[PDB]
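What follows is one chain in structure tokens, specifically the form deposited in one PDB entry.
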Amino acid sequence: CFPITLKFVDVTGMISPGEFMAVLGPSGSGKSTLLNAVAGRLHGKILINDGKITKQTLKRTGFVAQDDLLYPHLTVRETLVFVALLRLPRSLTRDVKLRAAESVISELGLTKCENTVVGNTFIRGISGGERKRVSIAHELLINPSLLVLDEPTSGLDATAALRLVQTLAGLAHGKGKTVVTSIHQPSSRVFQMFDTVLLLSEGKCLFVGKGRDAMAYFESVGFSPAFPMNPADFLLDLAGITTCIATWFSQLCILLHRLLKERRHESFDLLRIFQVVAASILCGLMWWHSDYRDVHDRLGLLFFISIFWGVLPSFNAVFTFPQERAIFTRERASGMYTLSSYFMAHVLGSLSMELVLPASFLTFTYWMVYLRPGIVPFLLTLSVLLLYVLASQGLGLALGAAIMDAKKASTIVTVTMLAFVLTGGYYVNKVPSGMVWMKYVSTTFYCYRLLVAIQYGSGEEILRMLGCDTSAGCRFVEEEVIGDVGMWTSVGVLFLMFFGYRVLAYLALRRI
């Protein structure tokens, strides 16, 4: 392993190969600022191998941040191979990347829990120590030389912290690496395993040198312990185009494969299937063997279907982008994936996974309500319903990507969907003169018109079977069963919205 020599002036100290430096300071002293500046994230002189900070030096330095951002439903080995496939250079073969991932698994003691779901506070899985080990293994794949972590033992027990310090010191005394860490409140064994200790107070450095020399230095200065105690406690108290296409498509494929489990968890929730089944049963019971002559009942059923399947997916889509932002930023900063690949992977996964439920709903409902028999009408209404669902999910994604607050986005989406629903043409027919323009921007309007045109058409049939060829009543029936827009205009506008909402969501993401 190439040796890395570290120098910083204005705080000052040396970090050399084989030295396990630890930054010690009171909570709030400012250890995090120096720890981040040593890595190079921040933007006196800091010199690495007697040279200025350059991108050639940064490819061999890691940073295991305190925040552990891991995907829950992925096993340890699946996670690490996905990381390896996306982080290692593309010139190498797949088998070599897999072997590197396995070597990383083997050398960190994660063999015991290789086939175990990572999980989180919600889904049961690995413990905190294994989570931290996986976090370290994330950046151990690129073979770093300057490994600067940040609070690795925070939130862990004494035994787990001791074992983690054991592994971290072994990675520096057996591989020639410059492991630099910072510890909140060191224990006895944790402190005795130190090699170099840096004390920080109000940003000013109190002591630099070996940890063992700290006690002798301080007792020589004039300050000595008065009772049996931990020395660290005393210290704290004192203180080409083809290649580009191949890369893009490989990134998209890997991201889709990785996000499949999250997509499955998002859509196939037991508290969503229950609602869908209850809605289907109620729809099939309230309209059991409906008659085509009862126009108003069928129109109400169609409007209810439109309301339900415009409200559900649009509201369900506002949580995805704000919830994965930390992961997106952290892995993009490392060069794992770009915005385009991640966005398209999310779009394709959502499109694939958010269509099964409405299909089952319509399949159950169509043949019990006694709608128009045949194959062409059923296929046409299924296609219209799926297109409407996709457009509504597009609006949901756009509003979730515009502002990054989940509850504010939910409130705005509810207001927008209420405005759309109150202009679908079912509740109000005498729309005010200055208020007639918003029906053209409503997805529910186009979906309802398409469903009505599919089920009844121009309306001549039920017009003549009902009796007409009151006058006001038949005018009301006609204006219910005639279209203010054509059959193709609705489909065109639906497709245009489906594309435009995603385009706007991508632009809004690009700003942040």
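Throughout, we count residues from 1 along the sequence that is shown. Note that the rigid core is defined as the largest set of C-alphas that superpose within 1.5 Å between two forms.
Not on display, but discussed next: the form deposited in another entry.
- Only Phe234, out of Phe304, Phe234, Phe364, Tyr292, shows a C-alpha shift of 2 Å or more between the shown form and the other one on alignment of the rigid core.
- Relative to the superposed core, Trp248 undergoes a Cα shift smaller than 2 Å between the shown form and the other one.
- Positional change of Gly176 between the shown form and the other one reaches 2 Å or more at the C-alpha, relative to the superposed core.
- Relative to the superposed core, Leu199 shifts its CA atom by 2 Å or more between the shown form and the other one.
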